[PDB]
Structures are given as structure tokens and as C-alpha cells.
Amino acid sequence: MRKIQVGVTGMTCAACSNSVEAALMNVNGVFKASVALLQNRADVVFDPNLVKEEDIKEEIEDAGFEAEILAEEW
Ligand SMILES: [Li+]
Ligand SMILES: [Zn+2]
């Protein structure tokens with residue numbers, strides 16, 4: 001696995017953050033998704049054999065938000 005810190009804009013309630021988490025957990029290859037409503041962040045642990053950063057970004061976009069990778073954690 002690798003871990004990325006994704007920036008997300010548009011989340012303004014608990015349901016929003018939950019929706020982003022749910023969306024991410026439905027992406028094949030994503031092991032863990034932790035969303036921080038207050039910080040415009042979604043931290044994602046994923047298997048690069050099965051999914052990449054762009055796909056993670058796209059899943060968040062498809063959910064209804066805007067996203068870009070902020071940093072690689074490990
Ligand atoms: Li925010
Ligand atoms: Zn909301």
C-alpha cells in the first residue's frame with residue numbers, strides 16, 4: 001500500500017464527509033479512507049496495483065466535490 005493526502009473542496013457537513021468516505025471505500029484497491037471535514041482532507045491508503053491517485057481523485061469528483069492530491073504521506 002501507499003498513502004496519499006487528498007485535498008477536497010465543497011464539504012460543509014457531516015453527511016458530506018461521510019459521502020466522500022463511502023465513495024472512497026467503494027473504489028477497488030482502497031484499503032482505508034479517513035476524511036477530515038474541517039481540514040478539507042481525505043487520507044487514503046491504497047494498493048497501487050489496483051488503483052492510482054488519479055482514480056481516487058476522480059471518485060471524489062464523481063461524488064460531487066473537487067479534489068487534488070496534496071501530498072504523498074508514505
Ligand atoms: Li472546509
Ligand atoms: Zn453537506
# chains A, B, ... in the order shown; residues from 1 in each chain; ligands from 1
$ residues_around --residues "residue A:26" --least-positions-apart "2" --cutoff "12 Å" --atoms "only C-alpha atoms" --output "JSON, numbers by chain"
{"A": [19, 20, 21, 22, 23, 24, 28, 29, 30, 31, 32, 33, 46, 51, 55, 56, 59, 60, 62, 63]}
$ select_by_dssp --residues "chain A" --states "strand (DSSP E)" --output "list in words"
residues 2, 3, 4, 5, 6, 7, 8, 9, 30, 31, 32, 33, 34, 35, 36, 41, 42, 43, 44, 45, 46, 66, 67, 68, 69, 70, 71 and 72 of chain A
$ residues_near_ligand --ligand "ligand 2" --cutoff "6 Å" --atoms "only C-alpha atoms and all ligand atoms" --output "PyMOL selection string"
chain A and resi 11-13+15-16
$ closest_atom_pairs --of "chain A" --to "ligand 1" --cutoff "8 Å" --atoms "only C-alpha atoms and all ligand atoms" --output "tab-separated table"
residue	atom	partner	partner_atom_place_in_ligand_line	distance
A:8	CA	ligand 1	1 (Li)	8.0
A:9	CA	ligand 1	1 (Li)	6.5
A:10	CA	ligand 1	1 (Li)	6.9
A:11	CA	ligand 1	1 (Li)	6.0
A:12	CA	ligand 1	1 (Li)	6.3
A:37	CA	ligand 1	1 (Li)	6.0
A:38	CA	ligand 1	1 (Li)	5.0
A:39	CA	ligand 1	1 (Li)	5.6
A:40	CA	ligand 1	1 (Li)	4.7
$ closest_residue --among "A:69, A:25, A:50, A:36" --to "residue A:4" --atoms "only C-alpha atoms"
A:69
$ select_by_dssp --residues "chain A" --states "helix (DSSP H, G or I)" --output "VMD selection string"
chain A and resid 14 to 25 37 to 39 53 to 63
$ atom_distance --atom1 "atom CA of residue A:47" --atom2 "atom CA of residue A:3"
8.9 Å
$ closest_residue --among "A:6, A:27, A:14, A:67" --to "residue A:44" --atoms "only C-alpha atoms"
A:6
$ closest_residue --among "A:7, A:17, A:54, A:43" --to "residue A:66" --atoms "only C-alpha atoms"
A:7
$ atom_distance --atom1 "atom CA of residue A:72" --atom2 "atom CA of residue A:53"
9.8 Å
$ atom_distance --atom1 "atom CA of residue A:71" --atom2 "atom CA of residue A:5"
5.1 Å
$ closest_residue --among "A:42, A:35, A:57, A:49" --to "residue A:1" --atoms "only C-alpha atoms"
A:49
